[PDB]
């Protein structure tokens, strides 16, 4: 009858998906969108009394934070286990990926720009790029999880040095999110933006012609192709321990991995599907092929607390 979703996703495509669920099942969805940090705090304070049934994020670490705050409940679904690879879901069955996305370095391909020395995440922190980089706030999930991945791969001293150098190199204080950083590259205010791949698709296919202009100017560097490969993060989903509509919650989680919905996620939101039998949308194919970091996303997320402290220490936020 009702299903209460707390979502840190921030996409128009989700509205269509939810309508399709309502149409299919007759269940009314109450959709609450806010920042992940706000939702996790809210879930903690509301506790067992929360009306929430579902927590959706655009980030692995937010799911693990929620798990480790005792806020989620395990789901044993043959459907989810068949179609989500084990490396993309919790061993303890409390969180499950619905998409993949890659955090890349974007440049203005309508300029002559030498990208030969901007090859790895490490390079963003190099003195030669002072004043040439833009990135959103350190408090953003994408930023926290990227730094956590650097800790996991290269250690906490490289992480701190990276964070410090990135801060020093920013063309501007962080101003809005990925699409705003992309506009700064379009406008020539910075040479390189740290951003997720799907935003390039959203922009290029936008019904707002100004978004199309921005998206059309972007080239992609997939970082670290000569070594470990590019940072992958997930959007994902969990049932809350507070859930009183558990059947609906499980139905919704399975619906997010259904063929039609995985196709919408790539066709309409330009993300990578989790299912291995869903063709990429043509825009996403145009991003190109690339090497992905093989690290389990769960292992990245083990470093989230320290990532927060490092960004705080070097002077973000």
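Numbering follows the first chain given and starts at 1.
*Asks:* Per the PDB record, is the mean Cα temperature factor higher over 45 to 53 or over 63 to 71?
*Replies:* For C-alpha atoms only, the mean B-factor is higher in 45 to 53.
*Asks:* In the PDB record, does 294 to 302 or 15 to 23 carry the higher mean Cα temperature factor?
*Replies:* Mean CA B-factor is higher for 15 to 23.
*Asks:* Using only the C-alpha B-factors in the record, can you name which of 32, 283, 262, 269 has the highest?
*Replies:* Most elevated C-alpha B-factor of the set, per the entry: 32.
*Asks:* Among 204, 101, 91, 144, single out the one with the highest C-alpha B factor in the record, please.
*Replies:* By C-alpha B-factor in the record, 91 ranks first.
*Asks:* Just say lowest, middle or highest third for the CA B-factor of residue 188 relative to the other modelled residues in its chain.
*Replies:* Residue 188: CA B-factor falls in the highest third of its chain.
*Asks:* Ranking the modelled residues of this chain by C-alpha B-factor as given in the entry, is residue 5 in the lowest, middle or highest third?
*Replies:* Answer is middle: the recorded C-alpha B-factor places it there.
*Asks:* Taking only the Cα B-factors deposited for this chain, tell me whether residue 130 sits in the lowest, middle or highest third.
*Replies:* Its C-alpha B-factor belongs to the highest third of this chain's values.
*Asks:* When the modelled residues of the chain are sorted by Cα temperature factor, does residue 242 land in the lowest, middle or highest third?
*Replies:* According to the entry, residue 242 has a C-alpha B-factor in the chain's highest third.
*Asks:* What third of the chain does residue 254 rank in for C-alpha temperature factor, lowest, middle or highest?
*Replies:* Its C-alpha B-factor, which the entry lists for residue 254, ranks in the lowest third among residues of this chain.
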